[PDB]
Amino acid sequence: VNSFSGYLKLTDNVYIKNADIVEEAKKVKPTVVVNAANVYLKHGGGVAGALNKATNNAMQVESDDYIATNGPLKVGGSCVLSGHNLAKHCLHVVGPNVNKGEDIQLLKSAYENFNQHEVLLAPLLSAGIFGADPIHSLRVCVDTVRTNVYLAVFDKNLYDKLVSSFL
Ligand SMILES: Cn1cc(CCC(=O)O)c2ccccc21
């Protein structure tokens, strides 16, 4: 048993809910929250910016030190950093950004990072301003992730469309 509440079950291991991932993380304090990051860990806007804002910029400070030491991530790659006040850990995962012309085939590689963690709270990768089709992102998630994933869908209308179109 875990502390996630109000999720709809999509498969054996994937759950979904219309929720603000920031508000969800604050309530659950999951072991792992997934940040939909970029390779520079520049949390300007979106989920990245919203999680970073909720940490009072401590996520960005930690991320800048990580990049100064290690250099940028790969598209499709990840790193584990602190969860600050939101979670034990934050798994920063880089999905391809369609609005920058990155290969959508890298989405599967991005989701494979989730398999290193038994339970995660996550947004849909490569959605919103990354320009991928969220329906596709959910299909890749279900077909790639084998560990238990709790997906927070912010957009109400999108949530309803993801559920009603899910095969
Ligand atoms: C990766 N990513 C996912 C989302 C989540 C979309 C949603 O749950 O509605 C998002 C929103 C704004 C900017 C980037 C975003």
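Just so you know, ligand 1 is whichever comes first in the structure, and atom 1 is the first atom listed for that ligand. Reckoned from all heavy atoms, side chains included, excluding hydrogens, waters and symmetry mates. By convention here, the first residue in the shown sequence is residue 1.
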Student: Please work out, at 4.0 Å between heavy atoms, whether the side chain, the backbone, both, or neither of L124 comes within that distance of ligand 1.
Tutor: backbone

Student: Backbone or side chain, does any N or O of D155 fall under 3.5 Å from an N or O of ligand 1?
Tutor: yes

Student: Distance check, rounded to the nearest 0.5 Å: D155 atom CG versus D20 atom CG?
Tutor: 12.0 Å

Student: Return yes when atom CG of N56 has more than 12 non-hydrogen atoms of other residues, nucleotides or ligands closer than 6.0 Å, and no otherwise.
Tutor: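 For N56, atom CG is not crowded (no more than 12 foreign heavy atoms under 6.0 Å).
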
Student: If the cut-off is 4.0 Å to any non-hydrogen atom of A36, which atoms of ligand 1 fall inside it?
Tutor: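 Contacts of ligand 1 toward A36, numbered from 1: 1 (C).
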
Student: Take the angle between the ring planes of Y150 and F4 and call it parallel below 30°, perpendicular above 60°, tilted in between.
Tutor: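 Because their plane-to-plane angle is under 30°, the rings of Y150 and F4 count as parallel.
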
Student: Among all the protein's non-hydrogen atoms, which is closest to atom 5 (C) of ligand 1, and how far away is it?
Tutor: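 Sorting protein heavy atoms by distance from atom 5 (C) of ligand 1 puts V47 CG2, 4.2 Å first.
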
Student: Give yes if a backbone or side-chain nitrogen or oxygen of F154 is under 3.5 Å from a nitrogen or oxygen of ligand 1, and no if not.
Tutor: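 Yes, at least one N or O pair falls under 3.5 Å.
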
Student: Show me which atoms of ligand 1 lie under 4.0 Å from any heavy atom of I129.
Tutor: 13 (C), 14 (C)

Student: For atom 6 (C) of ligand 1, tell me which residue out of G46, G49, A127, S126 has the closest non-hydrogen atom.
Tutor: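 The nearest heavy atom belongs to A127.
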
Student: How many angstroms lie between atom CG of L86 and atom CD of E24, to the nearest 0.5 angstrom?
Tutor: 12.0 Å

Student: Of all the non-hydrogen atoms in the protein, which one sits nearest to atom 11 (C) of ligand 1, and at what distance?
Tutor: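 Of every protein heavy atom, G128 CA, 4.0 Å lies nearest to atom 11 (C) of ligand 1.
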
Student: Using side chain to side chain contact (heavy atoms under 4.5 Å, CB included) as the criterion, point out the one residue from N38, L41, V39 that pairs with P72.
Tutor: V39

